[PDB]
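[1] sequence, then structure. It's an experimental one.
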Amino acid sequence: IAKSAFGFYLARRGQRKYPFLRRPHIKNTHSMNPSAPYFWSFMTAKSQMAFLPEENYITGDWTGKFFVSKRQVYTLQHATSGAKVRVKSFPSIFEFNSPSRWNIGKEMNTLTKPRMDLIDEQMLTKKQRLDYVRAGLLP
Amino acid sequence: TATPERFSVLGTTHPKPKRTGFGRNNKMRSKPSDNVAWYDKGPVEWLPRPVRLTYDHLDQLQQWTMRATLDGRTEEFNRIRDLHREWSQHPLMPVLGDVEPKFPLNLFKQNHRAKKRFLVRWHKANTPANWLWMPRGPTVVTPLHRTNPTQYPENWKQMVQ
Amino acid sequence: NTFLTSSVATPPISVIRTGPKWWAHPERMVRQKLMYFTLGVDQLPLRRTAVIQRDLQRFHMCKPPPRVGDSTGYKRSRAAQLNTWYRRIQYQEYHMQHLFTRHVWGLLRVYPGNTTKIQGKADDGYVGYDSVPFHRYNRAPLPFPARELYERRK
Amino acid sequence: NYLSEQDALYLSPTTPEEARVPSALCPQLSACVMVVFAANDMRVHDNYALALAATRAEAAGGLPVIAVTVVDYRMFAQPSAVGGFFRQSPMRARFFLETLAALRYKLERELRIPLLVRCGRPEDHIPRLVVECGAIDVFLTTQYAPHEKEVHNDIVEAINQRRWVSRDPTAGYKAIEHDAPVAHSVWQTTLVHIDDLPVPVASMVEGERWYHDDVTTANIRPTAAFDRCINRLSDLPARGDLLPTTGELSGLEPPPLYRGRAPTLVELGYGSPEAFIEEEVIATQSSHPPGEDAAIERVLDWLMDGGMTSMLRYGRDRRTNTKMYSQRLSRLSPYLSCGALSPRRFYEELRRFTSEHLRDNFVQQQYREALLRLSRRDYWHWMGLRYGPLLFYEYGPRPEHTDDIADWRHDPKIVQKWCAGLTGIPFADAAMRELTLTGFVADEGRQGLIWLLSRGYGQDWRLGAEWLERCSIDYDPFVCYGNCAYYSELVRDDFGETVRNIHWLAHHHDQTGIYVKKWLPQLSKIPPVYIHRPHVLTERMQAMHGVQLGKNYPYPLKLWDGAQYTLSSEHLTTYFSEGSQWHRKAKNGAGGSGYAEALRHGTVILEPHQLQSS
Amino acid sequence: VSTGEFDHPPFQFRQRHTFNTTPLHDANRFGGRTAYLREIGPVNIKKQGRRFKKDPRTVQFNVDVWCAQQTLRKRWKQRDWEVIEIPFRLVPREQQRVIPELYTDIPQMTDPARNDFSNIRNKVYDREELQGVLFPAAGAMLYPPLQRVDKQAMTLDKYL
Amino acid sequence: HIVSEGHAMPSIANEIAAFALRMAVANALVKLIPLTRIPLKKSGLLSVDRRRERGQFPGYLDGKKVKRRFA
Amino acid sequence: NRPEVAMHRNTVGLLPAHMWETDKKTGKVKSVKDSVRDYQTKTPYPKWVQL
Amino acid sequence: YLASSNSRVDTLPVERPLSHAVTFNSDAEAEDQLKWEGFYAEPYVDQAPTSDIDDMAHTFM
Amino acid sequence: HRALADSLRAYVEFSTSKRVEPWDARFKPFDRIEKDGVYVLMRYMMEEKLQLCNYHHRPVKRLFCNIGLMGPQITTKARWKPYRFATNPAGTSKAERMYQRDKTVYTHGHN
Amino acid sequence: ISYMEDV
Amino acid sequence: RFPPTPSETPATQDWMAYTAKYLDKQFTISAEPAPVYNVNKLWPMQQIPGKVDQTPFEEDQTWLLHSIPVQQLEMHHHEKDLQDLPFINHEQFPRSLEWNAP
RNA sequence: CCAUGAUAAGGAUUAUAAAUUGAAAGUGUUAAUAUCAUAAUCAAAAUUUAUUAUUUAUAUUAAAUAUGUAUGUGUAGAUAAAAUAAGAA
Ligand SMILES: Cc1cc2nc3c(=O)[nH]c(=O)nc-3n(C[C@H](O)[C@H](O)[C@H](O)COP(=O)(O)OP(=O)(O)OC[C@H]3O[C@@H](n4cnc5c(N)ncnc54)[C@H](O)[C@@H]3O)c2cc1C
């Protein structure tokens, strides 16, 4: 059960059908979907000639960003500079402490797994743990 | 980044066991269902597959029969006509009290799966081999079709004078 | 021919009870009549089906006849007897169609759909390029080429 | 020929390099404790031998554990004692091979214990494999059936002195030549282990009622300790070189010769599947998939659905007639026979379910009835052990009780008709159809069939027993033969269920005729008055109900008095004769499935028997 | 009037191969182009399947464009002729006029004065009559003159 | 001559359109010749059937006549 | 090249074999070595940037 | 096909075919003949016996 | 990263490796003996380029379109094996090969 | 009654 | 824009030129008689002269065997995008749908 | 949190005829009881939750970024819908 302010304000109204590609809250759970032949044409800008998004650059006289935007595309300088790179994700943040050259040119949201396979055994309740065991997700 | 051979938490994730069943809710078994056809009963497997005939098939058949007629090969025509003579007899009228069984009706909970199952099983059992209503065999008399290939028009040379 | 997907077979009652939609459809009926005519055999079962079906569709709209109510049940028995006789005639027509279609395909070297039998040179049943790696009825694997029921040269 | 090829490949005096167990790189891992899986058990959740091997390995000796199994070629296509039936029909062989494959998958992917499969004589293969692997201790389950007790004794004797075999001549070799092993035998077939019964088997009173009394005071060992011992194998190291690769797991390439390959039905000697395949209507919607996990899921789903009504109807303390048409009855007999599901696991699961749902007052009666059924199976096991080879002799185990039984008579046509199910009795027809098509038929069906063959017709009871062996996938030797003798009046024991007529059983268990209608739908129009006697019908009734005797439904084998004078040749409709459908059913023309099928359609036959036409 | 099907069948329960019912994308509907919109095998709605193939609007647009391609290819098959510019003086009398642009005025006629009521936008002239104007410097007539048949001639059709 | 009005489709080879053509021809013949009205009216040629396909409704699963799944 | 246009133009020269370690018995990629410290390039930006 | 002894009773009794009158004196006799031939029987095929209803009643009690 | 490298390697190797013949040998155009019919044209005219295209369905169909001498017979009358059946290697002789492909490779059904 | 046959 | 235009070939303009260049090298006539005036192969469309371009395909096979993609995302119109969807028909003023602006 | 009321879904007997097969008995947001309350989208986001028709084997990823998963005899239990331009007695 996701806990957020909008959860009380809005209502799911069951498994309602939305217009194609027009769900209100976008949750790209398929960003980390791997596809070798379609590596450059999945969750990425369609044209190779397009410039990098505005989110990859600093515009004004900034004082500092806690985390960079997900659409910011990983570049060589991200690994070469050896600086601190963080991306907001559940639960709190994901930090790039393993700079690799195999992710150059791909978006950080594509690199980061949205739906983490790991399940917390601590906050899980008795009934919820029983449900997970019945589903097979937990022993 | 020289992927280490020791993954700490990636391996320890309780791998999902393999799916047991199939179909709905992954619980259907592999039982031989009612869709199985019997290739022994009659030249056509019972509960025949929905074969659909096309006009290009009709044209190809016309070309084939033209070629056979022009080449004088009539064994295929004779075997087709004999098969039609054997399978195309007039069904005798059933006696009073002959009715195909019907499935009982209940109002509280009508089981449509059992309703279709009974019909499918009954018709599967009702193979063309044991269709006693349709006359068959050599003991029957057919005063509508030529009995032997000798009297067919392709053998017209014999009937003279 | 063009339909090579494994198919589900409906009961003959389910086929017959369909009105002038598929079973009694004029296009399919005239195609079957053309096939029978080209083969040269009489169309007695098809005509016996058509004469019943045209009257059935003519009178489908009106109400059933008023009846006083037969004490002996002779009228109900006679109605059931007529319905069964017509159903059996249509059964014979259905079997004739499904037999001569296979025979014509065998003569014309036409590869049929999955899991169907042609009395000429394929008695086990034809399975080729199916989603399952086996015959699904014999549970036996099949070669990568579908099969060669007929020779190469035409 | 396949057995000869396997003997030339494996049982050669020097094993070829293509068939070699790889040498362990670790000197301490060179030795490995070995466990052999027999046909009795194919499970790893409650097997005693595996747990004992695990605890021995974790205590001392060879830390790696190696699992082996041998599929003998002598009980698949070989003829039986009489009638030439397959010892295991193609359906039973397919079930066994699927169970073996599932067990191998579970062992090699969950426990990471390699399962070396061999084909041929276990007595020839197992000791040589132990010597080749250098096993410290070889564990196995006790086998005490004929053709199986002898092979178990030969295996243990050979491994005691490290004996070998040499190809076709089978020249036993000494331990010195090469290309302290001890054999442990543990008893796990029955629900309750020996030495735990309140009375010894030798002094056990002949009767199932007394054993039912005993089992109330008897104790059942908990399975938690054995489950722990089995689970410890995961942390216990094993030979990783024998673990399957991804390619052979997917089946891209055949498994290596030393790891073994499961045999195929065509190579086993069946030859003509189209002759043995039966195309008839199947009414039961429930089938048992192979696998111990599948068996556990079946038990759980049956308990959840509430199949206790099959054991006993709610509120009915007296045992009530069963309903074969229903899907409620628990079809765990094939699992118990093949050993995929242990009776101890069944008992503990059932007791746990009863303890949970103890609020209803009748669940105790349901549980006790199920325990009574399991105790009956154990009692038949004990009776088979007591009788030994004497049971399989002519006229049952105890001939003194068979004075009323007439001399056995043999008729190939009669036994062929009975096997094919062309009997005039609809109940017998339905029972035979379920037994042939489905994995098994219910207890009442088996009783009716065996009584009809033995007493109803006079044919030899061994024919029916061997046909049950061929067809029923839940086959247990002792249980099947003992029940056949009891219901043929060969083991005449009082204080037990009375032997009942086929007509009695049909009228009692299937009175309305739902089962008969379901399995013989061509008789659906027959009213419930004449369902069980379709023979007694006039021509008018036959025409009105759409069934003609002979043409559509066969005449009964045993005609009424004076029927031979009033019946002509046309009505009788001989089914097995020259030029008949049964004759042309097979491509080679040797009839079809039935009498002498192993002799007729058997590519490889070890025994000569007698082969004559008609 | 065309016997072809221009409409993509609506999405409903799974279609099984049988009589009167075939799979929605079984390589036969709308030609073989349904492979672009075919997703074979059982598919998890949770985490499998491209949504554009499940969107009725998009598949309708795709089948519309495929039908448009069929119409265009058949029209260009019909279009055996080609268009050549002529400076209004070497054209015949029927063309020495003002021709309104396409779809701008009433469909004109080819000089109804002499009982010629053809469509000026559809009339096609053959190369033989215009051979001289099209190839002024050719010299020798590369294309032979068109041998016209005399209708007044006494031939076999006139019941000789 | 027949002129189609309302909803135009490429192929109108269907029984409903054939019935509409039949009604139009019968009405035209009646208007042309007065005494022709009696046989056509007694045979039902001129009579109009008010039946029409059920209109769309998104509440239905297909939109016309089938409700949604219930538990 | 993407598969939809021309897979046949793919060649082994595209694959950098020195980037990863290859299994000998199966031809699989066992692992990929580090590619940051050992990577030296003279144009982190196109030559026309010139800072 | 087996026979049956006409003097001694065999272990399996097989019922002989029943005999029906070729002529009917009364309409009541004809109606009885039809009823016991099953002419007036519902063509429905039994799928659940009355034993289920009786067991439900017993459990309710 | 490891799986991406493996998938790229497998995809390139699959693209370069020769695949099975994508034409059905049971239909009207591809029915003649290998010594007659369209097979003579294939063997004597376009045989060289088939090895270079590695018998993939898209290049073979495009080459059949461009060679002419067949016209619309490659689409109006000819038929081809399904997408997952035309991707089998040069010698398969088994139906279940398509399920033997590696699963950890994220090549999107390209061996 | 739609179709009736003498035989 | 798709479909891509394949590279041109010298003697594929006509059968006479193709036979003369690629078949025999002895054909007397170089090519078909070309009129002195300009010929517009694609009559409705005015293409840039001197540019190699194709014509609508006469054959069916090339239409579905060419590199022609399919619609995947939402359809965008140069003007109808103001109106959100066919269901959400945004009308600024309640004027008639048959209204005219003189 | 609580802080009065109000619209929904749910077909069983008024029928042919110049005619419609959807109900009033109530469904989150709305008008009197108070007494720490800053919980609100303007993008790129976190399944464990009863109430939901997905495309099945000739040709398959181009424009806002848009689904890598589950081939297994049309296969247990349980259950859903329709007698209105359609064809059912
Ligand atoms: C001629 C004959 C042969 C038989 N052969 C076998 C055989 O090979 N294997 C076999 O397991 N049973 C055999 N039985 C016993 C009986 O057929 C089965 O117990 C039962 O019919 C199997 O169906 P079920 O599992 O649905 O029955 P359930 O009652 O649901 O099964 C309960 C379990 O209890 C045991 N059991 C119950 N009744 C008996 C019984 N009468 N005798 C022995 N065990 C019993 C079995 O292990 C059975 O699986 C035979 C009976 C007869 C008359």
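    Received, thanks. Residues are numbered from 1 along each chain as shown, chains lettered A, B, ... in the order given.

[2] contacts and neighbour counts: CA atoms only from here.
    Noted.

[3] can you name the residue of the stretch 201-350 of chain D nearest chain F?
    residue D:305 (19.3 Å; C-alpha to the nearest C-alpha).

[4] go on, chain E?
    In chain E, the residue that lies nearest chain F is residue E:1 (4.6 Å; C-alpha to the nearest C-alpha).

[5] near chain G, which residues of chain B?
    B:1-3 (C-alpha under 8 Å from any C-alpha of the partner chain).

[6] okay, these in a markdown table with distance to chain E and neighbour count next?
    A markdown table is the format used below for the residues of chain B next to chain G (distance: C-alpha to the nearest C-alpha, whole Å; neighbours: other C-alpha atoms under 10 Å in any protein chain shown):
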| residue | distance to chain E | neighbour count |
| --- | --- | --- |
| B:1 | 30 | 17 |
| B:2 | 31 | 14 |
| B:3 | 28 | 13 |
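
[7] in helices only, show me these.
    Counting by DSSP state H, none of the members of those fall within helices.

[8] nearest to chain I among these?
    Chain I has its nearest neighbour among those in residue B:3, at 7.5 Å by C-alpha to the nearest C-alpha.

[9] for chain C, see how far away that closest one is.
    Residue B:3 is 38 Å from chain C, where distance means C-alpha to the nearest C-alpha, to the nearest Å.

[10] that residue: what's it in contact with?
    G:31-34, I:2 (C-alpha atoms under 8 Å, 6 or more residues apart in numbering or on different chains).

[11] what's the farthest-apart pair in those?
    Checked with C-alpha to C-alpha, those reach their widest spread between G:34 and I:2, with 11.4 Å between them.

[12] before we move on, back to that, and the residues of chain B next to chain G as JSON lines, adding distance to residue D:38?
    Output for those, formatted as JSON lines (distance: C-alpha to C-alpha, whole Å):
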{"residue": "B:1", "distance to residue D:38": "50"}
{"residue": "B:2", "distance to residue D:38": "48"}
{"residue": "B:3", "distance to residue D:38": "45"}
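
[13] chain D: which of those is nearest?
    Checking the residues of chain B next to chain G against chain D by C-alpha to the nearest C-alpha gives residue B:3 as the nearest, at 21.5 Å.

[14] go through chain E and flag its longest helix.
    Max-length helix for chain E by DSSP H is helix E:56-78.

[15] is that helix in proximity to chain A?
    No - Helix E:56-78 stays clear of chain A (C-alpha under 8 Å from any C-alpha), getting no nearer than 8.9 Å.

[16] tell me which residues in that helix are buried?
    Neighbour-count burial for helix E:56-78 flags E:56, E:58-63, E:66-67, E:69-70, E:73, E:76 (criterion: 16 or more other C-alpha atoms under 10 Å in any protein chain shown).

[17] and the residue of chain K nearest chain C?
    residue K:61 (17.8 Å).

[18] if I look at that residue, how far off is residue I:62?
    Separation of residue K:61 from residue I:62 (C-alpha to C-alpha, to the nearest Å) stands at 9 Å.

[19] which of those two has more neighbours?
    Applying other C-alpha atoms under 10 Å in any protein chain shown to residue K:61 and residue I:62 shows that residue K:61 carries more neighbours, namely 18 against 14.

[20] residues in contact with that one?
    Taking C-alpha under 8 Å, 6+ apart as the criterion, residue K:61 is in contact with I:65, I:72, I:74-76.

[21] name the SS class of it, please.
    Three-state assignment for residue K:61 (DSSP: H, G, I helix; E, B strand; the rest coil): helix.
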